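Don't worry about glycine lacking a Cβ; one is built from the backbone with ideal geometry, like all the others, and counts go over all protein chains shown. The values are calculated or read from the model by the stated rules, or taken from the named source; these are not laboratory values.
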Amino acid sequence: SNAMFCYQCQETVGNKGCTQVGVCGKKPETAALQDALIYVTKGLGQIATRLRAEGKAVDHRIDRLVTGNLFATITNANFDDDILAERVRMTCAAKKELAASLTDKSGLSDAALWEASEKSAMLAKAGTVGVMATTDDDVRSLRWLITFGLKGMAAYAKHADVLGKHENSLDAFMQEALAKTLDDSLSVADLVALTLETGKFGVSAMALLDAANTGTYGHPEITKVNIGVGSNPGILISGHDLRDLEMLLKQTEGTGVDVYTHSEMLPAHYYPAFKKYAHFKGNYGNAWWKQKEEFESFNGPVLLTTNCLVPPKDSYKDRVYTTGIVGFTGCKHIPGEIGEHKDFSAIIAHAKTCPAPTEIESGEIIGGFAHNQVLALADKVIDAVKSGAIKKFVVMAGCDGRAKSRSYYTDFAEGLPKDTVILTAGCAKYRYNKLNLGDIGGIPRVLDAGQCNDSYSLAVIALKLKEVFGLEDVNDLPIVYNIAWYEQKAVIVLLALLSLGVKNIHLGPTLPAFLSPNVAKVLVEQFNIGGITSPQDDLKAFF
Ligand code: SF4
């Protein structure tokens, strides 16, 4: 008997499932608490959906509980059992109160009705409500594909909410879709439909977050980002939340403490508002998975605004600070998941007692090619395609990870002919954004649109090109998709692209373990999804 079962990320054991301990470090009781939390969140979703159908209000506090719950269970987000158990209690309390408001309680699921306050009872329940609770391979596969897409959607929705933007249709959809994943009456056809609908609301969530980010901090613009370091004490901010950065920059003004970004905070440099803080230094290091080395050499405190946090080495654990829904037992936490004032005074004081960062590399990288910036360059991009200067774009967006096989993405990028342009977003970029790939007529051969959510900009750009060229099908553009995935945000990006009609996506370095043979067949037959082989073979075959 397995102590746990989790298969939601690319690194799952054997591309089958983590059954003893997660490759990410997630322990079985942590995994169990997350399974219980997801179950009661789906129950809450049913109750909220039923209230809306009865014409009754559902407060936005409930929406926030749902998004925080989903995000807390995303890969590398929260390993803190005390926090996870308390989210289970809060969810049980909330859904019991909401159910009291229903006129008709008929048909409420066990997830809607079940509750526990004792951790032991949560762990026992978890054992019978995990992935394996669904017997049927295709229904199971689609339920979990949808659930994972919803987690990614919720993450993006939550960042938009932190910045003051929320849409009732989006929160209502997430809650309804969660509930549908426990409805045994839905057919495989119903669940394939729901998968595509999930992709559509993925686009909606990304659009909302794009509007929130750009509306608050300006549209990204071309930017040179220093990757070397200064000589002052610093704080390294990681994850994705731009509001946390704004507060940190404001509070470090005049202190003598510099602020550096890491992994998915790199794109903050591209926003005009952040360029007005003189102590906002560069981007330090590479993608999340190198952090045991890079957080050590940074020397100063590190703030995780979201995933990915890897279980920290004892050498720097005392200077790791979590915030939002991030957690790790024994790491200091700065409270807040709604963009409210956060007091960074302790992290600033801590930074002053640490050495300045140890430099890993020097120079700069260029980015800021999000939708406004690229549409401003559209005529020139179009002219370069028409003249043959740009023969192909390769979308290499997505999420990086530890696997040795990901050398493929570096080698593929290096081996591309010099008449191609790489479009990127998300930490997948680190496999090739430190190479020297040049330019085509002044256009850099790597165009970084931003965070994984800024894959939205890549879709907007592709749709603009489709319009200008007068094409009937987006797939007739000279674009190859060679996307790397790791966790559930990458999953929603993939579903979003499928909902937009993008075919021929090459996904890697492996295909998700949660795709059953029949579900994978639908994706191949209707969307021509494929995987990777060697970089040299694919450099021939993909073109
Ligand atoms: S999040 Fe990934 S590595 Fe961690 S337990 Fe789940 S499948 Fe395994």
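Couple of notes before you dig in:
- The test for being touching a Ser or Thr at 6+ places or on another chain (Cβ under 7 Å) and among the aliphatic types (A, V, I, L, M) does not hold for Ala112.
- Long-range neighbours under 8 Å by Cβ, at least six apart or interchain, first residue without any contact (Cβ under 8 Å) to a residue 12 or more places away in the chain within the stretch 1-24, second in a loop (DSSP other than H, G, I, E, B) and within 7 Å of the ligand (Cβ to nearest atom): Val13/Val23
- Single residue of the stretch 18-31 satisfying the filter (more than 20 Å from the chain's Cα centre (by Cα) and more than 7 Å from the ligand (Cβ to nearest atom)) that is surrounded by the fewest Cβ atoms within 10 Å (Cβ to Cβ): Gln20
- Those helices (runs of 4 or more DSSP H) lying entirely in the stretch 74-143 with at least 1 residues free of Cβ contacts under 8 Å to residues at least 24 places away in the same chain: 81-101, 119-126
- Considering the stretch 37-91, and only residues there that are among the acidic types (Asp, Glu) and within 16 Å of the ligand (Cβ to nearest atom), the residue that is surrounded by the fewest Cβ atoms within 10 Å (Cβ to Cβ) turns out to be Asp81.
- One residue alone among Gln8, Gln34 is under 14 Å from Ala126 (Cα atoms), within 16 Å of the ligand (Cβ to nearest atom), assigned by CATH to the domain that holds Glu97 and buried (at least 24 other Cβ atoms within 10 Å of the Cβ), and that residue is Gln34.
- Filtering the stretch 364-377 to residues that are in a loop (DSSP other than H, G, I, E, B) and out of contact with any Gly (no Cβ under 7 Å at 6 or more places or on another chain) leaves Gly368, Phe369, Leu377.
- Residues located in the stretch 478-501, provided they are under 16 Å from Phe148 (Cβ atoms), away from the ligand (no atom under 16 Å from the Cβ) and among the hydroxyl-bearing types (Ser, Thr, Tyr): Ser499
- With respect to (1) among the basic types (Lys, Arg); (2) in contact with a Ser or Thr (Cβ under 9 Å, 6 or more places away or on another chain); (3) surrounded by fewer than 21 Cβ atoms within 10 Å (Cβ to Cβ), the lone exception for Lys464 is condition (2).
- Residue-level analysis places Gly256 outside the set of residues that are touching a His at 6+ places or on another chain (Cβ under 7 Å) and either among the β-branched types (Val, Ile, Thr) or in a loop (DSSP other than H, G, I, E, B) (or both).
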